[PDB]
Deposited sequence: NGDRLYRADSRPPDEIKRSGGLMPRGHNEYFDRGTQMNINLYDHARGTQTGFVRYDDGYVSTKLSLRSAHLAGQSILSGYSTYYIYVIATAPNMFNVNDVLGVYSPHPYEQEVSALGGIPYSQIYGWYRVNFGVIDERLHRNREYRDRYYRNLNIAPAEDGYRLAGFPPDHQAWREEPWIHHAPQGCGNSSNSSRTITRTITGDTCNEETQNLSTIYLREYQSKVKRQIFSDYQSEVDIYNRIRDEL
């Protein structure tokens, strides 16, 4: 399970289809297409929000760490939540993919590319005046069977998504060298990171639609209709 302190409440998260990155209204919105880059995301800090810019939403490896971060950033909120999230291949360990270039190593964040769909959120705790209400509220729409057996995406699948700039030494070394986008290590490098990141996201989103939209499939009596 991964954890994230967030001032955005359960019904809003539900309206949005999940915990979205900065400036992404709905999870399946293709119109207001976001910029995705792991390196950029991992460096940019936010005020009033735990890291959620550049197409990724950050999360921590424990409730306590999630809590500590919440206290530092959300200190002036009478109430806020800490969402409990299931592991799945849309999540990347920031330390592993960026390696020795991981800007905030000590924080040990695991980021979700494109946001976190509502069905991947197990539950949440409410935090009142900075104190955690130890009662876990469970999400009714969590897909237990599906997420039961999934895990973070291994680092090898993230190297090509690292997002380092074209002349960044990392593109000339193990193990990023064997995964550098066309034109990395010219804007093209950048434009290629965006292209590959959008592809990975689109494929994951299809997996989610296969789960949630299938609930609405109604079978037909063909012989009776024919």
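Numbering the deposited sequence from 1, one finds several regions with no C-alpha coordinates, namely 1 to 3, 189 to 202, 244 to 247.
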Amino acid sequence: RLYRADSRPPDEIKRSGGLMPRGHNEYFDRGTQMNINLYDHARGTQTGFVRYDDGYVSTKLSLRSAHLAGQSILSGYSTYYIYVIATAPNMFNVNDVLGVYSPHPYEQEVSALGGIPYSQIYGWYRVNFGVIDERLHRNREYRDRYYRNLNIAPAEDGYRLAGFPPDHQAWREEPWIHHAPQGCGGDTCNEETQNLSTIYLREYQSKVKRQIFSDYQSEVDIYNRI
From here on, numbers count along this sequence of modelled residues.
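On average the C-alpha atoms of 26 to 34 have higher B-factors than those of the other stretch, with 154 to 162 and 26 to 34 being the two compared. Higher mean CA B-factor, judged across 77 to 85 and 101 to 109 from the recorded values: 101 to 109. The PDB entry assigns the greatest CA B-factor among 197, 58, 45, 65 to 45. The top Cα temperature factor in the record, among 119, 149, 93, 90, falls on 149. Ranked by Cα temperature factor within the chain, residue 134 sits in the highest third according to the deposited record. Sort the chain's modelled residues by C-alpha temperature factor and residue 4 lands in the lowest third, per the entry. Among the modelled residues of its chain, residue 189 has a C-alpha B-factor that falls in the highest third, as given in the PDB entry.
Residue 170: CA B factor in the highest third of modelled residues in this chain (values from the PDB entry). Among the modelled residues of its chain, residue 50 has a C-alpha B-factor that falls in the middle third according to the deposited record.
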